[PDB]
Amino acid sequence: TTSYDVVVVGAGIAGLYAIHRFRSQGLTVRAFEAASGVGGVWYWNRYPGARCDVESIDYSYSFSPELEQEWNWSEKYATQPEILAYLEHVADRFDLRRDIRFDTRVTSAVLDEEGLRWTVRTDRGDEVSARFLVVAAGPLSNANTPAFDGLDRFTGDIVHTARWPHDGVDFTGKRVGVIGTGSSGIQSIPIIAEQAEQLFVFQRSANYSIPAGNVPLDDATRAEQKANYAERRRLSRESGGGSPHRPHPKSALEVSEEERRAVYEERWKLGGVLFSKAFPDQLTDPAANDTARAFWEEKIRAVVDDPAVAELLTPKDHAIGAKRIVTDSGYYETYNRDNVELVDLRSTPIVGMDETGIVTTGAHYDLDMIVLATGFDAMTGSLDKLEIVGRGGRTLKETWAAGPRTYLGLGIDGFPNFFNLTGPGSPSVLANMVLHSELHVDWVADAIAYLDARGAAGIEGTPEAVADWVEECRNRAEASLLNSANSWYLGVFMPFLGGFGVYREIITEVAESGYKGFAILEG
């Protein structure tokens, strides 16, 4: 049982759909999942308050009419256990797990150029041959565990948001220090403060977060959206970010001072990702961004009592939406509490831990528990952990030395029959990852169907097409405030910034043209 049509790497949203979609075509699939279960990010990232940025109705599979009609999302923005349960249900329903080997990390993928097959190796001693290697490794992997001197000396509990205990952690009676104010921090903090004796948030750089405005979903409104699902999907697929939301017609500056608060208020209510896109120039024109930045500032100044904390909570120079806006539930309110202190790591950096807590420049902090609220690795993080050896035995990491280069994100010269899902060259995290996963898997499925219909052995990014795409990605991005020096989207600005629908049209039209920009390879 060495060979399969497709080896999929990862059993998250993309991988799960990959298995289903590829098998529905009659392709044998072997998926490898490093985790013990399916879910990907929703499996591993299970710290308190872990919640989706995108309405559960959009952030969910559309490939299965039934699943859509049957699954009831409990709220506007599904928490991680719910999304997990959902993906677990998907795996149950579509019998996905049998083709997945869990606790199995793909270590290398080596191209046999003579046969256009990938030999996929694993840390469990799997050696499989794939006609196609589909990496669904996800765009979000763990940032390095922050290394603190004497962390190994701390007697209290050290918990990482990245490896949250499945049975949870009681913060009751506990003096808790939270290091990290990314989303994992922003989402866990309010919950930690709710039960902690005392919360110390050690903040180095403040981030933009906006209220989730997560509402429970009753039956009445659920049946309504379920009945209008196809239309909402249509809007989403044609949309900029994979959700049925269009930015305002006129630009931020072109609209009245009055009508600017009225729409910012509207985009404040619905979502964090979407507030970044209230106005069409919001993430392109620095002055237009200042307006959102100022609207945000004021909101937080209002909700946070102590103005010194409010200012500390305010991100210093960064453009709002440059770093993906975190969505929170009662996070800034959390600082109104008597049992939470925000420690400004710019004033008093952490110099280390001792037996009893965190030693900053200024104070020692008696803590029973330290929560390392970790951020996320570059889009290429999971991919970079793989040795993917393409043509000439040139490694993917090597061909990406000067920045990821792809055609559409889906083709890389030297890497035939290799597909990196929702990664550099595609909208990736800039779009609804469920729908983006669907798009990409579908596109790969179609490409495979295309090659199979014609007795073709392989498909390959053309060096000319990738050069062109690298350029097109560069140019869609040179305009953006996401293309700032501080930006996580860099490696080269990696995601395609033209919009999900525009991108969908582009890759569909490439497919429809007989894969222009790809070489179709024979036996």
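One-based numbering along the sequence shown.
Coordinates are absent for 4 to 9 residues of the deposited sequence placed between residue 491 and residue 492. Taking the mean C-alpha B-factor of each stretch as recorded, 91-99 and 240-248 are not equal, and the higher mean is that of 240-248. As the entry records it, the average C-alpha temperature factor is higher for 275-283, out of 175-183 and 275-283. When the C-alpha B-factors of 158, 322, 431, 345 are read from the PDB record, the largest value belongs to 322. Among 327, 145, 107, 426, the highest C-alpha B-factor in the deposited entry belongs to 145. Among the modelled residues of its chain, residue 305 has a C-alpha B-factor that falls in the highest third, as given in the PDB entry. Among all modelled residues in this chain, the alpha-carbon of residue 358 has a temperature factor (C-alpha) in the middle third. Ranked against the other modelled residues of its chain, the C-alpha B-factor of residue 116 as given in the entry falls in the middle third. Sort the chain's modelled residues by C-alpha temperature factor and residue 262 lands in the highest third, per the entry. The entry lists a Cα temperature factor for residue 334 that places it in the middle third of the chain's modelled residues.
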